[PDB]
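First the structure, in the form of structure tokens, and then the observations on it.
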Amino acid sequence: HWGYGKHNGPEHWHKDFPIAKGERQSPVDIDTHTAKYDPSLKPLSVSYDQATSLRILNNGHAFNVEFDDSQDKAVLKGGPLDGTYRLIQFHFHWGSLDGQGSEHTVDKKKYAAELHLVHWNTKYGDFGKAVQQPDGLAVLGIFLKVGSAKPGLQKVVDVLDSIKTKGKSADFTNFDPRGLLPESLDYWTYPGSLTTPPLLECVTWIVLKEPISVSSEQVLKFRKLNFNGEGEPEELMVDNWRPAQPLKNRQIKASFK
Ligand SMILES: COCCNC(=O)c1ccc(S(N)(=O)=O)cc1
Ligand SMILES: COCCNC(=O)c1ccc(S(N)(=O)=O)cc1
Ligand SMILES: [Zn+2]
């Protein structure tokens, strides 16, 4: 099936997911000079105070922290969005070395990793119906650079030993995703897609300008995870990022002057 290796990686995905060559694919390079400030964007509202994390899962492509999305407990609104988008999960993409790992790039610069907080538009009732809609999803993307440790990430790092291999899950309640955000909510936004198969073109991307810093030890712990299941030959979970895709007929808007 699909992956990140030579024989099943991004350059192969189009054969089973032809939208891989579509008109609004993600990620993209964010050329900061050609992005345009958009005074029509409303203030962005990240409302995570009632977030209810449930579980962490190694799905063979990344690890997901899942949330209870049966009510409006952790939502994203404002910015480019109409209405309310409910948080369902977050995960990361990262590299084998600190000089790569992000999916979006900024003036071609790659960060060590990228966090994706995935939300679905509540007008569609649940995630599965939302991914049938051109405005079904909003993903908040946050770059990670290696420097000082991020205290609010440590609880994630500490549980990874229990989900080393594909299909493993563990209880992960009472985790506050607000500890993963940078100080500033300045962002760029554009219409795009899921960055993994099935590559559906449902996402309003909101990519924060300010990276968070994580320590070398924190990202090394990400790199000890496995793509494979237990008892299978070990392939380290590293470089699980899709490269930047053609911008095509899209303009990136900035929330800041
Ligand atoms: C199952 O053993 C390996 C044989 N399969 C493959 O090599 C393969 C490669 C690419 C795709 S993809 N990226 O178009 O979906 C799907 C399958
Ligand atoms: C209908 O898809 C089946 C499951 N896939 C997902 O939920 C999914 C969510 C977010 C991203 S990402 N990397 O764009 O944030 C990629 C995939
Ligand atoms: Zn992602």
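Positions 4 to 260 (full-length UniProt numbering) are the ones given, in order, by the sequence shown. Every residue, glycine too, gets a C-beta built ideally from N, C-alpha and C.
Do you know whose CA, among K9, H96, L223, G234, lies nearest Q157's CA? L223
Can you grab the Cα-Cα spacing for the pair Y190 / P236, in whole Å? 41 Å
Can you tell me whether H94 sits near ligand 3, meaning its C-beta is under 7 Å from at least one heavy atom of the ligand? yes
With three or more C-beta pairs closer than 8 Å as the rule, is the stretch 79 to 87 touching the stretch 101 to 110? no
Say the cut is 7 Å; is the CB of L183 nearer than that to a heavy atom of ligand 2? no
Mind the definition here: the stretch 72 to 79 touches the stretch 232 to 248 only if three or more C-beta pairs lie below 8 Å; say whether that holds. no
Which same chain residues, not among the five before or five after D32, have their C-beta less than 8 Å away from its C-beta? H107, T108, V109, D110, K111, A247, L250
Taking 5 Å as the limit, tell me which residues put their C-beta closer than that to any heavy atom of ligand 2, in chain order. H119, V121, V134, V142, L197, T198, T199
Inspect the CB distances between the stretch 172 to 181 and the stretch 57 to 71 and report whether three or more fall short of 8 Å. yes
Inter-residue spacing [alpha-carbon to alpha-carbon] between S43 and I22: 30 Å
Could you pull the start and end residues of the beta strand (DSSP E) that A116 belongs to? 116 to 124
Just to confirm, is the Cβ distance from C205 to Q136 under 8 Å? yes
Just the C-alpha distance for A152 and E220, rounded to the nearest angstrom, thanks. 8 Å
Return the CA-CA distance between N229 and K167, expressed in angstroms with no decimal places. 6 Å
Are the CB atoms of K45 and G81 within a distance shorter than 8 Å? yes
Could you pull out every unbroken beta strand (DSSP E) segment of at least 3 residues lying fully inside the stretch 122 to 177, listed in chain order? 140 to 149, 172 to 174
In this structure, does DSSP put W208 in helix, strand or coil? strand
Taking 8 Å as the CB-CB limit, is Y40 close to chain E? In summary, chain E is missing from the structure at hand, where a single protein chain is found.
Is the separation between the beta-carbon of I215 and that of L183 shorter than 8 Å? yes
Just how far apart, CA to CA, sit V49 and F146? 17 Å
Taking 6 Å as the limit between beta carbons, can you name the residues of its chain near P200, skipping five residues before and five after? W5, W16, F20
Assuming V159 contacts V217 (C-beta within less than 8 Å), just tell me the rounded distance between them. No, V159 and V217 are not in contact; Cβ-Cβ is about 10 Å, not under 8 Å.
With which residues is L239 paired in a DSSP beta bridge? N229
Between the CA atoms of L120 and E69 - distance to the nearest angstrom: 10 Å
Backbone CA spacing between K169 and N62 [nearest angstrom]: 5 Å
For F259, does the count of other Cβ atoms within 10 angstroms reach 16, so buried, or fall short, so exposed? exposed
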